[PDB]
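Residues per chain, in single letters:
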Amino acid sequence: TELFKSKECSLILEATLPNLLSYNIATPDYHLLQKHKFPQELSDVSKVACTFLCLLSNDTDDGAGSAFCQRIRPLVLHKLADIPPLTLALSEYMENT
Amino acid sequence: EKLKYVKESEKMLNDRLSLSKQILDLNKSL
Amino acid sequence: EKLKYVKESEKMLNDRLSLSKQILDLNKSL
Amino acid sequence: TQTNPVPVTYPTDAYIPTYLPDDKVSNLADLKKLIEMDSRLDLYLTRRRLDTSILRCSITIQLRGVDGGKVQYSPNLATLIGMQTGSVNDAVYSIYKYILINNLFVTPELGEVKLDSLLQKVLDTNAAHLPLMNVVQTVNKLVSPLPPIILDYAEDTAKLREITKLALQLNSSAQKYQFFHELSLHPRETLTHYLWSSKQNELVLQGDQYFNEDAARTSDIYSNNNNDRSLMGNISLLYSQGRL
Amino acid sequence: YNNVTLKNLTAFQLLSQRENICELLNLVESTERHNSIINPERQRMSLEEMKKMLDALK
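Residues numbered from 1 in each chain as written, not as in the entry; some residues may be left out. Chains lettered and ligands numbered in written order. Part of a larger assembly, values for the part shown. Heavy atoms only, no water.

Determination of this PDB entry was carried out by cryo-EM to a resolution of 10.13 Å, according to the record.

Engineer: Give a description of the overall build of chain D that names residues and reports values.
Structural biologist: The number of helices and strands found in chain D is eight helices and four strands. Counting from the amino terminus, chain D carries its helices and strands in the arrangement α-β-β-α-α-α-α-β-β-α-α-α. Radius of gyration (C-alpha) of chain D: 40 Å, far over the 18 Å computed for a compact globule of 244 residues. Considered along the principal axes of its C-alpha atoms, chain D spans approximately 110 × 70 × 55 Å. Just so you have it, chain D exposes about 19,300 Å², and 55% of that area is on carbon and sulfur atoms. Computed over 23 positive and 26 negative side-chain charges, the inter-centroid distance for chain D is 6 Å. (Helix = DSSP H or I, 4+ residues; strand = E, 2+ residues; numbered from the N terminus. Rg over C-alpha atoms; globule rule 2.2 N^0.38 Å. Areas by Shrake-Rupley, 256 points an atom, 1.4 Å probe, with all protein chains shown as cover. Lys, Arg positive; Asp, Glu negative; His and termini not counted. Charge placed at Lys NZ, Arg CZ, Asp CG, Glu CD.)

Engineer: Any chance you could break down a nonpolar patch on the surface for me, citing the residues and the numbers?
Structural biologist: Nonpolar side chains collect at one region of the surface, where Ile16, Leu31, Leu34, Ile35 and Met37 of chain D lie side by side and expose about 430 Å² of accessible area between them. Position of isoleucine 35 of chain D relative to the elements: it lies in helix α1 (residues 28-51). (Patch = residues over 30% accessible without salt bridge, like charges linked within 9 Å, V, L, I, M, F, W, Y side chains within 5 Å. Salt bridge = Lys/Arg side-chain N within 4 Å of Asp/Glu carboxyl O.)

Engineer: Can you lay out the interface of chain D and chain A for me, pointing to particular residues and giving the numbers?
Structural biologist: In this assembly, 22 residues from chain D lie in contact with 21 residues from chain A. Here chain D packs against chain A, burying approximately 2,200 Å² in sum over the two surfaces, 72% of which is carbon and sulfur. Applying the counting criterion to the chain D and chain A interface returns zero salt bridges. Going through the elements one at a time, α1, α3 (89-101) and α5 (132-142) of chain D are the ones with two or more residues in the side of chain D that touches chain A. If one sorts the elements of the side of chain D that touches chain A by residue count, α3 of chain D sits on top with six residues. Looking at the side of chain D that touches chain A residue by residue, the class counts come to 14 nonpolar, five polar and three charged. (Contact = heavy atoms within 4.5 Å. Buried area = accessible area lost by both parts, 1.4 Å probe. Nonpolar A, V, L, I, M, F, W, Y, C, P; charged D, E, K, R; others polar.)

Engineer: Give me the arrangement of the chains: which residues, what numbers.
Structural biologist: Highest in contacts among the five pairs of chains that touch are chains A and D. The least C-alpha distance between chain B and chain E, which are not in contact, is 35 Å. In this structure chain C stays clear of chain E, and the shortest span between their C-alpha atoms is 30 Å.

Engineer: Hey, could you go over the environment of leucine 142 of chain D for me, with residue numbers and the actual values?
Structural biologist: Residue and element names in this part refer to chain D. Within the secondary structure layout, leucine 142 lies in helix α5. With a relative accessible area of 23%, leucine 142 lands in the partly exposed category. Here the alpha-carbon distance between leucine 142 and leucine 123, two residues 19 residues apart in the chain, equals 8.2 Å. The contacts of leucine 142, once residues within four sequence positions are left out, are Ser74, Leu77, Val122 and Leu123. (Buried < 20%, exposed > 50% of the residue type's maximum accessible area, 1.4 Å probe, protein only.)

Engineer: Any details on the state of the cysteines? Residues and values, ideally.
Structural biologist: All chains considered together, the criterion is met by zero disulfides over all chains. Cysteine 54 of chain A takes part in no disulfide bond, and the closest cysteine sulfur, belonging to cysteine 50 of chain A, lies 6.4 Å away. (Disulfide = S-S within 2.5 Å.)

Engineer: Any details on the side chain of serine 43 of chain A? Residues and values, ideally.
Structural biologist: Residues and elements named next belong to chain A. If you trace the backbone, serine 43 turns up in the loop between α2 (31-34) and α3 (44-56). A polar atom in the side chain of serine 43 sits 3.1 Å from the backbone oxygen of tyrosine 23. In this structure the side chain of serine 43 is engaged in a polar contact, spanning 3.1 Å, whose partner is the backbone nitrogen of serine 46. (Polar contact = N/O pair within 3.5 Å; in protein donor to acceptor, adjacent residues only side chain to side chain.)

Engineer: Explain the nonpolar core to me, and be specific about the residues and the numbers.
Structural biologist: Core analysis: the biggest nonpolar cluster contains 49 residues, and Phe68 and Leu90 of chain A together with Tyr96 of chain D have the highest contact counts within it. When contributions to this core are tallied by element, the ones reaching two or more residues are α3, α4 (65-69) and α5 (73-80) of chain A together with α2 (75-81), α3, α4 (117-123) and α5 of chain D. No other element matches α3 of chain D, which puts eight residues into this core. Setting aside its immediate chain neighbours within four residues, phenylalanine 68 of chain A contacts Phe4, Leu13, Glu14, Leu17 and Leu56 of chain A. (Core = buried A, V, L, I, M, F, W, Y, C linked by side-chain atoms within 4.5 Å.)

Engineer: Describe the environment of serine 74 of chain D, and please don't skip the residues or the numbers.
Structural biologist: Residues and elements named next belong to chain D. For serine 74, the position within the fold is in the loop between β2 (72-73) and α2. The class for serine 74 is buried, based on a relative accessible area of 19%. For the pair formed by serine 74 and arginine 64, sequence separation is ten residues and the distance between their alpha carbons is 23 Å.

Engineer: Could you give me a rundown of the side chain of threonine 10 of chain E, with the residues and numbers involved?
Structural biologist: Mapped onto the elements of the fold, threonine 10 of chain E is located in helix α1 (residues 6-21). Here the side chain of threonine 10 of chain E touches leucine 6 of chain E through a polar contact of 2.7 Å, landing on its backbone oxygen. Setting aside residues no more than four positions away along its own chain, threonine 10 of chain E makes contact with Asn201, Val204 and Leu205 of chain D.

Engineer: Go over the pattern of salt bridges with me, naming the residues and quoting the values.
Structural biologist: All names here are of chain D. Evaluated as defined, the whole model comprises five salt bridges over all chains. With a closest N to O distance of 4.0 Å, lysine 24 and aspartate 23 form a salt bridge. Note on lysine 24: relative accessible area 68%, which makes it exposed. Judged by relative accessible area, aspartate 23 falls into the exposed class, the value being 62%. Ionic pairing is found between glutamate 162 and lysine 165, a salt bridge with its closest N-O pair at 3.3 Å. Of this pair, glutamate 162 and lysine 165 both sit in helix α6 (residues 155-185), three residues apart, which is roughly one turn of the helix. The partly exposed category is assigned to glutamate 162, whose relative accessible area is 41%.

Engineer: Lay out the packing of aromatic side chains with the relevant residues and their values.
Structural biologist: Enumeration according to the criterion identifies four aromatic pairs over all chains in this entry. Ring centres of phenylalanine 4 of chain A and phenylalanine 68 of chain A lie 4.8 Å apart, and the angle between their planes is 35 degrees; this geometry places the pair in the tilted category. Comparing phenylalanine 4 of chain A with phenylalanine 68 of chain A shows no difference in burial state: the two are buried. For the ring pair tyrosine 96 of chain D and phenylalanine 105 of chain D, a centre distance of 6.2 Å and an interplane angle of 55 degrees mean the geometry is tilted. In terms of burial, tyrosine 96 of chain D and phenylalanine 105 of chain D fall into one category: buried. In this structure, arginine 161 of chain D packs its charged tip against the face of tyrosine 10 of chain D, placed 3.9 Å from the ring centre. (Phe/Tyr/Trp six-rings, centres within 6.5 Å; stacked < 30°, edge-to-face > 60°. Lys NZ or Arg CZ within 6 Å of the ring centre and 35° of its normal.)

Shown next as structure tokens:
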């Protein structure tokens, strides 16, 4: 609650932490496919972000934690379609939705 | 509005998949 | 964009209602 | 960009002094407020910049609009998705969400899926377990392009550089203030410090004058300079180390 | 000139330390380094810019 209390501390994490999953990782681009006319790995901070977000998904009883963890799923779901090592990781979060 | 677009588009996509799973029924009886 | 998603969303709603009409065709094809 | 910041030659936002007396200045607090105002505004701008994306012959004509915005689907994958010819990333997301709906991972345990009827039909495989990596690799094979027509029969950097230069001039003026203030309070043990340290720095600057070109090709280092004593006394040591 | 040496640091400190003692005896002028940085016409031009910003912001 103290972390997700502020209007600017609980709001930077809505934008950075889904973006930190595919940090420095060769995602399958589509600019080439629009202009013709998979990574098999992760990074060093992707593991840490997946760990933090799986630990943040354990906030039960619908306090302030799962209120964040439900509003990040439609954006992380696009990141799981690109990187298959985000299927083994982000496991307890996916079980907690 | 960003939430109320996605929470209807995902239900539309779920319905688009369930309709294909129901079209599975209409090609077993033929 | 506060206009634009709404400019999408009702449109998608119409498609759902239009698909409901196709559901009515499924209530009339059998 | 890189994974580490880029080292650069010119300075970047040197400090503001804090030891000036506020009974006379009463302005560094206001500049401080302006600086954290700029940092807050820049925080907002950077967050929004990140979040803004978050015989009979045939006719064959390769058109202008051979474009990968709408790419053709194989009919098995068209039946699995439902859409006719949408896109490639839409196809990958639809396949992955179908897999996520049918609860096929595990109730590598999450790599291996449970192969069902339609998905084995669209992949032409017959395994029970097969990892998701190869499943989404096959999507690249299962998609074919759209068919053509066939008919048969700045200034901000310089501005920040100027502000940095001006803050350095502020630091210079504040240090020149603080010297005369500390000499004004107790003058004895700063003048003794001056007479010591100026002498020591003169000796340090005059520690290098006998290593020139024509001051070493001549003979006025080795002969008769027992007044100096520094070199030509190492020769009892340097021969004993074998250097010569 | 991008790097510094022991001679450069010692010469810089000795120069800046002898410039400070020569202001007590007043055997150096240093009016140019004073007035080129004060520049009172530049000061009143900047205050006129602040006054015009007060007018444009009100």
